[PDB]
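First comes the structure, then the notes that go with it.
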Amino acid sequence: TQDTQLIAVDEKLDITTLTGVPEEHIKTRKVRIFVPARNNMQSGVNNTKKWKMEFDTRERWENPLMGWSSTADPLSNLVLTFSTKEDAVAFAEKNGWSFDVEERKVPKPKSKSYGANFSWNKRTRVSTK
Amino acid sequence: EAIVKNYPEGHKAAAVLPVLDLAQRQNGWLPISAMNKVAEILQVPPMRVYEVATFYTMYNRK
Amino acid sequence: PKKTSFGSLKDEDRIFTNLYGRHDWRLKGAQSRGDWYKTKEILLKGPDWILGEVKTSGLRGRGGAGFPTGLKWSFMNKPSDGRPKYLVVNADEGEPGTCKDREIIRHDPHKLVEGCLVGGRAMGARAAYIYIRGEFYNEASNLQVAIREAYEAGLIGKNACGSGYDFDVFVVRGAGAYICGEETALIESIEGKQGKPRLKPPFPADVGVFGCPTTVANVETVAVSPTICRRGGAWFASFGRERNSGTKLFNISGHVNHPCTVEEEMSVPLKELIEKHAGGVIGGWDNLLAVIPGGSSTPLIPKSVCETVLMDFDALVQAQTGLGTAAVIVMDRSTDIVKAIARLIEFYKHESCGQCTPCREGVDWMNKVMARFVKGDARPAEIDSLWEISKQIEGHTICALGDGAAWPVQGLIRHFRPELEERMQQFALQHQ
Ligand SMILES: Cc1cc2nc3c(=O)[nH]c(=O)nc-3n(C[C@H](O)[C@H](O)[C@H](O)COP(=O)(O)O)c2cc1C
Ligand code: SF4
């Protein structure tokens, strides 16, 4: 594997001091591991297949001159993507960020049938086409 | 009532097309009041009656 | 052994003996003409026997399709499942060029009633729903008069003809829609909703009117069914080519000297039928420009092909068209073929139920394109564009009305592209 006097470093990996993140933005933040919900406006599920990690929204005030959305939170527009939940939580613990993982919701398999639209005894018989 | 009897029980809406036709014969054309009266006498939502009236050509809505 | 020139059907072997109302159309005249005779024996023989003899007769669907009537009817020989079983006779008759059904209803209604009886017994149906179109008010009233006569005579109703069978023949009237001729659209029209056709992952043998199993047949086939039982399957099999047996009511119109309706045997020469029964094309056979064989759905065919074409399903299929409903529409050299086909497309646009996208949007687009074509307001590329649009419509609609509207365009292009090109060139030179 690696023959260089391969050393046991069992204790968990932590690069909190090797990222440059200031004091404030490393424990008072709370990342959120979640599979994004499908935009109910559309009907495509291609945006609900990758886990995402995001940071809590902070103060967003209005600029006195023109009215922009001024903010002082550097980790506001930064959202990471991950193939699996375990990798995302590994990244969260590696960088020392508090998390709250939400399980991936999956559409329950329905039971569609064209014939039920024109049933004879049941109430699923449609009154229009 | 004879026309309704000419259909299976529980599917009275099948009489919508002839019943509406009757409303034509005694009125020439089909006023919206006739539409609602057909819906009432056939226990059918008025929208379905409006749909079948606007779809078929012989029904004179004017 | 085997007949070669299938034609010149004899008067003795004709299913309908009262085409033109020359005999009493009530029960008395029908019994005088062999109708309603020995029906009890057919009723008691067994549904399997009737279905088998229908298969032996080789009867194909005489309503526009070509499905074997025996197989379609035997699709209902399944055991009971609590739900009632229903036979429905389509009498919409909305396809242009069709005139047979009206004639049989208003001249031989008792044949139709006996057909519903024998068919319902064969398929185990409890009642019949003859869906006549709204316009045929006089025809519907005549049919119901014959129904009342049969009911009084005891042929139908409780203990039909004394065989212990209980059958009813309701006649539901249409409300002026050509799409109601479609069997699933007819089913919903009977059910009270609009005449939008239903998709067919489920079939009428499983789910039909009111959800109960239903089978839609045509007026002609059910009318000939009791005659098929009486005379015999082999007697029907003798007439017409193989797999194309039986006799058909050909409705001849257009630019024919004497447009009419005749009961002629299948696979008949088109030229011979036009000359004898119809009287030939106005101005002789040389004055013939085009022939629409079986109504608007079937693509037109040019005179060169019309010279020698048998009138069976397969022969016209080889001729890049269809038998359809045997609606002969002849157009002479004084006919604007573009105008006639555009009128047919306008009819289809006015009759589209609008359910599925290809028929709702495509057919209107073809109507606009053909309207521009009639005035030659286009360029040669839009002919291929129209062909592509017609192909996109084909095989993509819920019912067959989309294909029945696309086929005339394909036939017109395939056989008269130079006419469209020259008309377009004339319009281009005039607009200078
Ligand atoms: C647009 C459209 C119109 C039709 N109109 C009729 C009609 O007027 N009469 C008819 O018998 N069949 C008509 N048919 C055919 C029926 O849908 C069905 O295939 C047929 O009635 C079944 O009986 P058959 O096998 O004896 O033809 C039509 C089909 C389509 C797609
Ligand atoms: S093809 Fe036309 S008539 Fe048939 S279902 Fe589609 S829209 Fe309706």
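Just remember, in the structure tokens the first chain shown is A, the second B, etc., residues are 1-based per chain, and ligands are 1-based in the order shown.
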TODO: Write as a PyMOL selection string the residues around ligand 1, taking 7 Å as the cut-off and counting only C-alpha atoms and all ligand atoms.
DONE: chain C and resi 60-67+69+90-95+178-183+216-219+221+399-401+404
Please produce a file of the residues just selected, as a short mmCIF file (atom, residue, chain, number, x, y, z; two decimals), in the first residue's frame, where the atoms kept are C-alpha atoms.
data_model
loop_
_atom_site.label_atom_id
_atom_site.label_comp_id
_atom_site.auth_asym_id
_atom_site.auth_seq_id
_atom_site.Cartn_x
_atom_site.Cartn_y
_atom_site.Cartn_z
CA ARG C 60 -65.07 -9.31 -41.68
CA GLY C 61 -66.14 -6.11 -39.94
CA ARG C 62 -68.30 -4.20 -42.41
CA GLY C 63 -68.18 -0.95 -40.42
CA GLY C 64 -64.87 0.46 -41.63
CA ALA C 65 -62.33 -1.92 -40.12
CA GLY C 66 -61.44 -5.41 -41.32
CA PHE C 67 -61.32 -7.43 -38.12
CA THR C 69 -66.30 -10.69 -36.89
CA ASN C 90 -73.12 1.38 -34.29
CA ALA C 91 -75.44 3.33 -36.58
CA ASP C 92 -73.68 6.71 -36.47
CA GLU C 93 -72.92 6.65 -40.22
CA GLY C 94 -70.81 9.78 -40.22
CA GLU C 95 -68.16 8.78 -42.74
CA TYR C 178 -68.91 12.03 -36.54
CA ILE C 179 -66.45 10.97 -33.82
CA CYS C 180 -69.38 9.17 -32.17
CA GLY C 181 -68.89 6.51 -34.85
CA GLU C 182 -65.73 5.48 -33.00
CA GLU C 183 -66.63 2.55 -30.77
CA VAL C 216 -69.55 -2.65 -30.75
CA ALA C 217 -70.54 -4.11 -34.11
CA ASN C 218 -71.80 -2.44 -37.28
CA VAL C 219 -75.35 -2.34 -38.62
CA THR C 221 -72.70 -7.25 -39.98
CA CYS C 399 -58.54 6.82 -32.11
CA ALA C 400 -58.32 6.25 -35.85
CA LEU C 401 -59.78 9.64 -36.85
CA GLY C 404 -58.46 8.80 -41.34
#
Open item on the list: What are the residues of chain B lining chain A at 9 Å or less? Count only C-alpha atoms, and put the answer as a ChimeraX atom specification.
Closed with: /B:10-11,13,44-45,48,51
Contacts of region 239-242 of chain C within 7 Å, only C-alpha atoms, excl. fewer than 4 positions in-chain, as an mmCIF file with N, CA and C atoms, in the first residue's frame:
data_model
loop_
_atom_site.group_PDB
_atom_site.id
_atom_site.type_symbol
_atom_site.label_atom_id
_atom_site.label_comp_id
_atom_site.auth_asym_id
_atom_site.auth_seq_id
_atom_site.Cartn_x
_atom_site.Cartn_y
_atom_site.Cartn_z
ATOM 1 N N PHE C 6 -65.049 -12.603 -59.449
ATOM 2 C CA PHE C 6 -66.028 -12.463 -58.375
ATOM 3 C C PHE C 6 -66.906 -11.253 -58.664
ATOM 4 N N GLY C 246 -68.270 -12.786 -48.532
ATOM 5 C CA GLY C 246 -69.482 -12.061 -48.222
ATOM 6 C C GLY C 246 -69.898 -11.076 -49.292
ATOM 7 N N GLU C 265 -71.350 -8.826 -54.430
ATOM 8 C CA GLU C 265 -70.409 -9.715 -53.769
ATOM 9 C C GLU C 265 -69.030 -9.066 -53.673
ATOM 10 N N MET C 266 -68.240 -9.561 -52.724
ATOM 11 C CA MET C 266 -66.928 -9.005 -52.434
ATOM 12 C C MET C 266 -65.960 -9.240 -53.591
ATOM 13 N N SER C 267 -64.824 -8.538 -53.525
ATOM 14 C CA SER C 267 -63.742 -8.649 -54.508
ATOM 15 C C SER C 267 -64.264 -8.463 -55.930
#
TODO: From a DSSP calculation on the backbone, collect every residue of chain A in alpha helix (DSSP H) and output the set as a PyMOL selection string.
DONE: chain A and resi 24-27+85-94
Could you write out that same residue set with N, CA and C atoms as an mmCIF file, in the first residue's frame?
data_model
loop_
_atom_site.group_PDB
_atom_site.id
_atom_site.type_symbol
_atom_site.label_atom_id
_atom_site.label_comp_id
_atom_site.auth_asym_id
_atom_site.auth_seq_id
_atom_site.Cartn_x
_atom_site.Cartn_y
_atom_site.Cartn_z
ATOM 1 N N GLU A 24 -15.822 32.689 14.094
ATOM 2 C CA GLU A 24 -17.275 32.797 14.143
ATOM 3 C C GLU A 24 -17.941 31.762 13.239
ATOM 4 N N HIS A 25 -17.417 31.565 12.030
ATOM 5 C CA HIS A 25 -18.129 30.837 10.990
ATOM 6 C C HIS A 25 -17.840 29.338 10.989
ATOM 7 N N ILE A 26 -17.534 28.743 12.142
ATOM 8 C CA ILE A 26 -17.211 27.319 12.165
ATOM 9 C C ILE A 26 -17.988 26.524 13.208
ATOM 10 N N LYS A 27 -18.569 27.132 14.245
ATOM 11 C CA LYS A 27 -19.509 26.417 15.103
ATOM 12 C C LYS A 27 -20.874 27.077 15.210
ATOM 13 N N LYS A 85 -25.408 10.498 1.170
ATOM 14 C CA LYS A 85 -25.545 11.149 2.469
ATOM 15 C C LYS A 85 -24.301 10.952 3.324
ATOM 16 N N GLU A 86 -23.732 9.746 3.297
ATOM 17 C CA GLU A 86 -22.577 9.446 4.134
ATOM 18 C C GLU A 86 -21.387 10.322 3.766
ATOM 19 N N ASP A 87 -21.165 10.549 2.470
ATOM 20 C CA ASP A 87 -20.082 11.435 2.055
ATOM 21 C C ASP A 87 -20.322 12.861 2.537
ATOM 22 N N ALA A 88 -21.572 13.324 2.476
ATOM 23 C CA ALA A 88 -21.885 14.676 2.927
ATOM 24 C C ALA A 88 -21.638 14.831 4.423
ATOM 25 N N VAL A 89 -22.069 13.850 5.220
ATOM 26 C CA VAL A 89 -21.806 13.942 6.652
ATOM 27 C C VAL A 89 -20.317 13.771 6.939
ATOM 28 N N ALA A 90 -19.599 12.988 6.131
ATOM 29 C CA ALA A 90 -18.155 12.903 6.316
ATOM 30 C C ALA A 90 -17.502 14.258 6.080
ATOM 31 N N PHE A 91 -17.961 14.982 5.057
ATOM 32 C CA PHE A 91 -17.451 16.327 4.812
ATOM 33 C C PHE A 91 -17.811 17.276 5.950
ATOM 34 N N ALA A 92 -19.026 17.153 6.490
ATOM 35 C CA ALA A 92 -19.455 18.044 7.567
ATOM 36 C C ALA A 92 -18.621 17.837 8.830
ATOM 37 N N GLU A 93 -18.434 16.581 9.242
ATOM 38 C CA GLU A 93 -17.577 16.286 10.393
ATOM 39 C C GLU A 93 -16.115 16.611 10.134
ATOM 40 N N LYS A 94 -15.647 16.418 8.905
ATOM 41 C CA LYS A 94 -14.252 16.711 8.606
ATOM 42 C C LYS A 94 -13.949 18.194 8.783
#
TODO: Write out as a PyMOL selection string which residues come within 9 Å of residue 115 (chain A) when counting only C-alpha atoms, dropping same-chain ones fewer than 6 positions away.
DONE: (chain A and resi 125) or (chain C and resi 201-202+206-207+211)
Could you pull out the residues sitting within 12 Å of ligand 2, using only C-alpha atoms and all ligand atoms, and write them as a PDB file with N, CA and C atoms, in the first residue's frame?
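Listed below is the output, selection05.pdb:
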ATOM      1  N   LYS A 129     -64.100  13.592 -19.429  1.00  0.00           N
ATOM      2  CA  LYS A 129     -62.874  13.128 -20.066  1.00  0.00           C
ATOM      3  C   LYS A 129     -61.857  14.255 -20.166  1.00  0.00           C
TER       4      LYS A 129
ATOM      5  N   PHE B  55     -70.427  20.456 -26.884  1.00  0.00           N
ATOM      6  CA  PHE B  55     -69.711  19.519 -27.742  1.00  0.00           C
ATOM      7  C   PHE B  55     -70.541  19.149 -28.967  1.00  0.00           C
TER       8      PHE B  55
ATOM      9  N   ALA C 177     -72.444  14.092 -34.179  1.00  0.00           N
ATOM     10  CA  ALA C 177     -70.993  14.047 -34.094  1.00  0.00           C
ATOM     11  C   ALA C 177     -70.494  12.862 -34.904  1.00  0.00           C
ATOM     12  N   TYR C 178     -69.500  13.110 -35.759  1.00  0.00           N
ATOM     13  CA  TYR C 178     -68.910  12.026 -36.535  1.00  0.00           C
ATOM     14  C   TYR C 178     -68.002  11.151 -35.683  1.00  0.00           C
ATOM     15  N   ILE C 179     -67.323  11.740 -34.695  1.00  0.00           N
ATOM     16  CA  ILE C 179     -66.453  10.967 -33.818  1.00  0.00           C
ATOM     17  C   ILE C 179     -67.244   9.945 -33.014  1.00  0.00           C
ATOM     18  N   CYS C 180     -68.554  10.151 -32.857  1.00  0.00           N
ATOM     19  CA  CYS C 180     -69.385   9.170 -32.171  1.00  0.00           C
ATOM     20  C   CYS C 180     -69.425   7.834 -32.897  1.00  0.00           C
ATOM     21  N   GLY C 181     -69.011   7.787 -34.165  1.00  0.00           N
ATOM     22  CA  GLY C 181     -68.889   6.511 -34.847  1.00  0.00           C
ATOM     23  C   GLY C 181     -67.793   5.637 -34.274  1.00  0.00           C
ATOM     24  N   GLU C 182     -66.775   6.248 -33.672  1.00  0.00           N
ATOM     25  CA  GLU C 182     -65.734   5.482 -33.001  1.00  0.00           C
ATOM     26  C   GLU C 182     -66.332   4.714 -31.829  1.00  0.00           C
ATOM     27  N   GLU C 183     -65.953   3.438 -31.711  1.00  0.00           N
ATOM     28  CA  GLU C 183     -66.628   2.547 -30.770  1.00  0.00           C
ATOM     29  C   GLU C 183     -66.475   3.010 -29.323  1.00  0.00           C
ATOM     30  N   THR C 184     -65.272   3.429 -28.922  1.00  0.00           N
ATOM     31  CA  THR C 184     -65.091   3.905 -27.551  1.00  0.00           C
ATOM     32  C   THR C 184     -65.721   5.281 -27.356  1.00  0.00           C
ATOM     33  N   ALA C 185     -65.609   6.148 -28.365  1.00  0.00           N
ATOM     34  CA  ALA C 185     -66.322   7.418 -28.322  1.00  0.00           C
ATOM     35  C   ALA C 185     -67.825   7.190 -28.271  1.00  0.00           C
ATOM     36  N   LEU C 186     -68.315   6.199 -29.019  1.00  0.00           N
ATOM     37  CA  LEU C 186     -69.722   5.825 -28.928  1.00  0.00           C
ATOM     38  C   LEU C 186     -70.072   5.354 -27.524  1.00  0.00           C
ATOM     39  N   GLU C 188     -68.706   6.279 -24.660  1.00  0.00           N
ATOM     40  CA  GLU C 188     -68.871   7.393 -23.729  1.00  0.00           C
ATOM     41  C   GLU C 188     -70.101   8.219 -24.082  1.00  0.00           C
ATOM     42  N   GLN C 194     -69.126  13.323 -23.194  1.00  0.00           N
ATOM     43  CA  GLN C 194     -68.867  13.742 -24.561  1.00  0.00           C
ATOM     44  C   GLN C 194     -68.341  12.571 -25.389  1.00  0.00           C
ATOM     45  N   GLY C 195     -68.355  12.755 -26.706  1.00  0.00           N
ATOM     46  CA  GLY C 195     -67.928  11.712 -27.616  1.00  0.00           C
ATOM     47  C   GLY C 195     -66.430  11.640 -27.832  1.00  0.00           C
ATOM     48  N   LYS C 196     -65.650  11.785 -26.765  1.00  0.00           N
ATOM     49  CA  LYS C 196     -64.202  11.649 -26.859  1.00  0.00           C
ATOM     50  C   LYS C 196     -63.835  10.171 -26.818  1.00  0.00           C
ATOM     51  N   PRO C 197     -63.066   9.657 -27.769  1.00  0.00           N
ATOM     52  CA  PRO C 197     -62.696   8.238 -27.714  1.00  0.00           C
ATOM     53  C   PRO C 197     -61.846   7.922 -26.493  1.00  0.00           C
ATOM     54  N   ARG C 198     -61.938   6.673 -26.044  1.00  0.00           N
ATOM     55  CA  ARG C 198     -61.140   6.185 -24.930  1.00  0.00           C
ATOM     56  C   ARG C 198     -59.904   5.472 -25.461  1.00  0.00           C
ATOM     57  N   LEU C 199     -58.812   5.548 -24.702  1.00  0.00           N
ATOM     58  CA  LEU C 199     -57.610   4.796 -25.038  1.00  0.00           C
ATOM     59  C   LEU C 199     -57.917   3.311 -24.916  1.00  0.00           C
ATOM     60  N   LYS C 200     -57.128   2.461 -25.563  1.00  0.00           N
ATOM     61  CA  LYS C 200     -57.471   1.048 -25.504  1.00  0.00           C
ATOM     62  C   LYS C 200     -56.390   0.143 -24.911  1.00  0.00           C
ATOM     63  N   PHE C 347     -63.815  18.868 -43.253  1.00  0.00           N
ATOM     64  CA  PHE C 347     -64.772  18.024 -42.546  1.00  0.00           C
ATOM     65  C   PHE C 347     -64.123  17.366 -41.336  1.00  0.00           C
ATOM     66  N   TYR C 348     -62.927  16.807 -41.525  1.00  0.00           N
ATOM     67  CA  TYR C 348     -62.237  16.156 -40.414  1.00  0.00           C
ATOM     68  C   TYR C 348     -61.873  17.147 -39.316  1.00  0.00           C
ATOM     69  N   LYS C 349     -61.457  18.358 -39.687  1.00  0.00           N
ATOM     70  CA  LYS C 349     -61.172  19.389 -38.692  1.00  0.00           C
ATOM     71  C   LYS C 349     -62.426  19.761 -37.913  1.00  0.00           C
ATOM     72  N   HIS C 350     -63.560  19.884 -38.604  1.00  0.00           N
ATOM     73  CA  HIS C 350     -64.819  20.191 -37.940  1.00  0.00           C
ATOM     74  C   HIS C 350     -65.339  19.035 -37.100  1.00  0.00           C
ATOM     75  N   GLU C 351     -64.882  17.807 -37.353  1.00  0.00           N
ATOM     76  CA  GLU C 351     -65.372  16.653 -36.614  1.00  0.00           C
ATOM     77  C   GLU C 351     -64.387  16.117 -35.584  1.00  0.00           C
ATOM     78  N   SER C 352     -63.182  16.678 -35.502  1.00  0.00           N
ATOM     79  CA  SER C 352     -62.225  16.242 -34.492  1.00  0.00           C
ATOM     80  C   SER C 352     -62.738  16.576 -33.098  1.00  0.00           C
ATOM     81  N   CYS C 353     -62.670  15.595 -32.196  1.00  0.00           N
ATOM     82  CA  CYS C 353     -63.156  15.815 -30.839  1.00  0.00           C
ATOM     83  C   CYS C 353     -62.182  16.631 -30.002  1.00  0.00           C
ATOM     84  N   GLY C 354     -60.932  16.762 -30.445  1.00  0.00           N
ATOM     85  CA  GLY C 354     -59.963  17.607 -29.784  1.00  0.00           C
ATOM     86  C   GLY C 354     -59.306  17.015 -28.555  1.00  0.00           C
ATOM     87  N   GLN C 355     -59.512  15.726 -28.278  1.00  0.00           N
ATOM     88  CA  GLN C 355     -58.928  15.128 -27.081  1.00  0.00           C
ATOM     89  C   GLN C 355     -57.405  15.132 -27.141  1.00  0.00           C
ATOM     90  N   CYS C 356     -56.831  14.400 -28.091  1.00  0.00           N
ATOM     91  CA  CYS C 356     -55.387  14.227 -28.163  1.00  0.00           C
ATOM     92  C   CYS C 356     -54.764  15.310 -29.030  1.00  0.00           C
ATOM     93  N   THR C 357     -53.502  15.625 -28.742  1.00  0.00           N
ATOM     94  CA  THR C 357     -52.816  16.708 -29.443  1.00  0.00           C
ATOM     95  C   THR C 357     -52.695  16.487 -30.947  1.00  0.00           C
ATOM     96  N   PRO C 358     -52.273  15.317 -31.451  1.00  0.00           N
ATOM     97  CA  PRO C 358     -52.066  15.196 -32.905  1.00  0.00           C
ATOM     98  C   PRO C 358     -53.308  15.469 -33.736  1.00  0.00           C
ATOM     99  N   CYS C 359     -54.496  15.093 -33.262  1.00  0.00           N
ATOM    100  CA  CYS C 359     -55.699  15.366 -34.040  1.00  0.00           C
ATOM    101  C   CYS C 359     -56.216  16.778 -33.794  1.00  0.00           C
ATOM    102  N   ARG C 360     -56.103  17.266 -32.557  1.00  0.00           N
ATOM    103  CA  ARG C 360     -56.628  18.590 -32.238  1.00  0.00           C
ATOM    104  C   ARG C 360     -55.845  19.683 -32.956  1.00  0.00           C
ATOM    105  N   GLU C 361     -54.517  19.594 -32.931  1.00  0.00           N
ATOM    106  CA  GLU C 361     -53.673  20.628 -33.522  1.00  0.00           C
ATOM    107  C   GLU C 361     -53.248  20.269 -34.944  1.00  0.00           C
ATOM    108  N   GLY C 362     -52.942  18.994 -35.182  1.00  0.00           N
ATOM    109  CA  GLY C 362     -52.430  18.599 -36.485  1.00  0.00           C
ATOM    110  C   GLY C 362     -53.446  18.745 -37.599  1.00  0.00           C
ATOM    111  N   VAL C 363     -54.681  18.300 -37.354  1.00  0.00           N
ATOM    112  CA  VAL C 363     -55.693  18.303 -38.410  1.00  0.00           C
ATOM    113  C   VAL C 363     -56.040  19.730 -38.818  1.00  0.00           C
ATOM    114  N   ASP C 364     -56.121  20.641 -37.847  1.00  0.00           N
ATOM    115  CA  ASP C 364     -56.355  22.044 -38.175  1.00  0.00           C
ATOM    116  C   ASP C 364     -55.212  22.608 -39.009  1.00  0.00           C
ATOM    117  N   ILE C 393     -49.057  12.826 -37.585  1.00  0.00           N
ATOM    118  CA  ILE C 393     -50.404  12.547 -37.093  1.00  0.00           C
ATOM    119  C   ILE C 393     -50.651  11.045 -37.026  1.00  0.00           C
ATOM    120  N   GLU C 394     -50.195  10.308 -38.037  1.00  0.00           N
ATOM    121  CA  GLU C 394     -50.468   8.879 -38.120  1.00  0.00           C
ATOM    122  C   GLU C 394     -49.855   8.127 -36.945  1.00  0.00           C
ATOM    123  N   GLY C 395     -50.609   7.167 -36.417  1.00  0.00           N
ATOM    124  CA  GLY C 395     -50.104   6.297 -35.371  1.00  0.00           C
ATOM    125  C   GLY C 395     -49.783   6.986 -34.067  1.00  0.00           C
ATOM    126  N   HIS C 396     -50.281   8.205 -33.864  1.00  0.00           N
ATOM    127  CA  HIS C 396     -50.014   8.950 -32.644  1.00  0.00           C
ATOM    128  C   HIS C 396     -51.278   9.453 -31.964  1.00  0.00           C
ATOM    129  N   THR C 397     -52.456   9.099 -32.468  1.00  0.00           N
ATOM    130  CA  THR C 397     -53.722   9.562 -31.926  1.00  0.00           C
ATOM    131  C   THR C 397     -54.394   8.451 -31.130  1.00  0.00           C
ATOM    132  N   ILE C 398     -55.329   8.857 -30.268  1.00  0.00           N
ATOM    133  CA  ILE C 398     -56.042   7.892 -29.436  1.00  0.00           C
ATOM    134  C   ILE C 398     -56.912   6.985 -30.296  1.00  0.00           C
ATOM    135  N   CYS C 399     -57.676   7.570 -31.209  1.00  0.00           N
ATOM    136  CA  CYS C 399     -58.543   6.824 -32.107  1.00  0.00           C
ATOM    137  C   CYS C 399     -57.997   6.905 -33.528  1.00  0.00           C
ATOM    138  N   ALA C 400     -58.748   6.332 -34.463  1.00  0.00           N
ATOM    139  CA  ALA C 400     -58.318   6.255 -35.851  1.00  0.00           C
ATOM    140  C   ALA C 400     -58.770   7.445 -36.686  1.00  0.00           C
ATOM    141  N   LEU C 401     -59.391   8.460 -36.077  1.00  0.00           N
ATOM    142  CA  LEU C 401     -59.782   9.638 -36.846  1.00  0.00           C
ATOM    143  C   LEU C 401     -58.559  10.413 -37.322  1.00  0.00           C
ATOM    144  N   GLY C 402     -57.490  10.427 -36.525  1.00  0.00           N
ATOM    145  CA  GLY C 402     -56.264  11.070 -36.972  1.00  0.00           C
ATOM    146  C   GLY C 402     -55.695  10.418 -38.217  1.00  0.00           C
ATOM    147  N   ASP C 403     -55.650   9.084 -38.229  1.00  0.00           N
ATOM    148  CA  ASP C 403     -55.198   8.373 -39.419  1.00  0.00           C
ATOM    149  C   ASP C 403     -56.165   8.555 -40.581  1.00  0.00           C
ATOM    150  N   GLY C 404     -57.469   8.593 -40.299  1.00  0.00           N
ATOM    151  CA  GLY C 404     -58.457   8.803 -41.344  1.00  0.00           C
ATOM    152  C   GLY C 404     -58.435  10.196 -41.934  1.00  0.00           C
ATOM    153  N   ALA C 405     -57.880  11.166 -41.209  1.00  0.00           N
ATOM    154  CA  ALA C 405     -57.639  12.493 -41.757  1.00  0.00           C
ATOM    155  C   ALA C 405     -56.279  12.621 -42.430  1.00  0.00           C
ATOM    156  N   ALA C 406     -55.280  11.859 -41.979  1.00  0.00           N
ATOM    157  CA  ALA C 406     -53.962  11.906 -42.602  1.00  0.00           C
ATOM    158  C   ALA C 406     -53.915  11.146 -43.922  1.00  0.00           C
TER     159      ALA C 406
END
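Residues in contact with residue 55 (chain A) at 7 Å, where only C-alpha atoms are counted and same-chain residues fewer than 6 positions away are skipped, are listed as residues 29, 30, 31, 32, 75 and 76 of chain A.
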Open item on the list: Counting only C-alpha atoms, a student should be able to say which residues of chain C come within 9 Å of chain B; what is the right answer, written as number ranges by chain?
Closed with: C: 134-135, 170, 172-177, 188-195, 210, 353
Open item on the list: I want to know what sits within 7 Å of residue 61 (chain B), based on only C-alpha atoms, with residues of the same chain fewer than 4 positions away left out; could you give that as a list in words?
Closed with: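 Non-adjacent residues within range: residues 29, 30 and 31 of chain B.
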Task: For residue 328 (chain C): contacts at 9 Å, only C-alpha atoms, fewer than 5 positions along chain excluded, given as number ranges by chain - done: C: 97-98, 250-254, 274, 291-295
How about saving the chosen residues, N, CA and C atoms kept, as a PDB file, in the first residue's frame?
ATOM      1  N   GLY C  97     -69.802   9.551 -47.826  1.00  0.00           N
ATOM      2  CA  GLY C  97     -70.001   8.525 -48.820  1.00  0.00           C
ATOM      3  C   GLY C  97     -70.814   7.338 -48.345  1.00  0.00           C
ATOM      4  N   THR C  98     -71.041   7.217 -47.040  1.00  0.00           N
ATOM      5  CA  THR C  98     -71.783   6.088 -46.498  1.00  0.00           C
ATOM      6  C   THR C  98     -73.282   6.338 -46.599  1.00  0.00           C
ATOM      7  N   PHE C 250     -72.524  -1.486 -51.500  1.00  0.00           N
ATOM      8  CA  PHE C 250     -71.685  -0.458 -52.094  1.00  0.00           C
ATOM      9  C   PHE C 250     -72.537   0.775 -52.370  1.00  0.00           C
ATOM     10  N   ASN C 251     -72.094   1.916 -51.843  1.00  0.00           N
ATOM     11  CA  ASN C 251     -72.760   3.202 -52.018  1.00  0.00           C
ATOM     12  C   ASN C 251     -71.980   4.003 -53.052  1.00  0.00           C
ATOM     13  N   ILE C 252     -72.539   4.151 -54.250  1.00  0.00           N
ATOM     14  CA  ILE C 252     -71.839   4.751 -55.380  1.00  0.00           C
ATOM     15  C   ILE C 252     -72.353   6.172 -55.551  1.00  0.00           C
ATOM     16  N   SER C 253     -71.436   7.139 -55.549  1.00  0.00           N
ATOM     17  CA  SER C 253     -71.795   8.544 -55.663  1.00  0.00           C
ATOM     18  C   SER C 253     -70.602   9.327 -56.201  1.00  0.00           C
ATOM     19  N   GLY C 254     -70.777  10.644 -56.282  1.00  0.00           N
ATOM     20  CA  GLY C 254     -69.758  11.517 -56.828  1.00  0.00           C
ATOM     21  C   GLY C 254     -70.160  12.085 -58.172  1.00  0.00           C
ATOM     22  N   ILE C 274     -68.982  -0.114 -61.307  1.00  0.00           N
ATOM     23  CA  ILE C 274     -69.312   1.252 -61.695  1.00  0.00           C
ATOM     24  C   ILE C 274     -70.175   1.257 -62.953  1.00  0.00           C
ATOM     25  N   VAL C 291     -60.910   8.009 -57.870  1.00  0.00           N
ATOM     26  CA  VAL C 291     -61.922   7.238 -57.160  1.00  0.00           C
ATOM     27  C   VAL C 291     -61.512   7.124 -55.699  1.00  0.00           C
ATOM     28  N   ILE C 292     -62.406   7.527 -54.801  1.00  0.00           N
ATOM     29  CA  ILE C 292     -62.258   7.266 -53.374  1.00  0.00           C
ATOM     30  C   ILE C 292     -63.009   5.971 -53.071  1.00  0.00           C
ATOM     31  N   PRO C 293     -62.318   4.884 -52.726  1.00  0.00           N
ATOM     32  CA  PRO C 293     -62.978   3.572 -52.664  1.00  0.00           C
ATOM     33  C   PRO C 293     -63.980   3.417 -51.531  1.00  0.00           C
ATOM     34  N   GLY C 294     -63.582   3.758 -50.309  1.00  0.00           N
ATOM     35  CA  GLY C 294     -64.402   3.446 -49.153  1.00  0.00           C
ATOM     36  C   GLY C 294     -64.648   4.581 -48.182  1.00  0.00           C
ATOM     37  N   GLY C 295     -64.825   5.793 -48.692  1.00  0.00           N
ATOM     38  CA  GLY C 295     -65.105   6.938 -47.848  1.00  0.00           C
ATOM     39  C   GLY C 295     -63.871   7.780 -47.601  1.00  0.00           C
TER      40      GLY C 295
END
Task: Point-to-point distance from CA of residue 289 (chain C) to CA of residue 411 (chain C), Å rounded to tenths - done: 13.6 Å
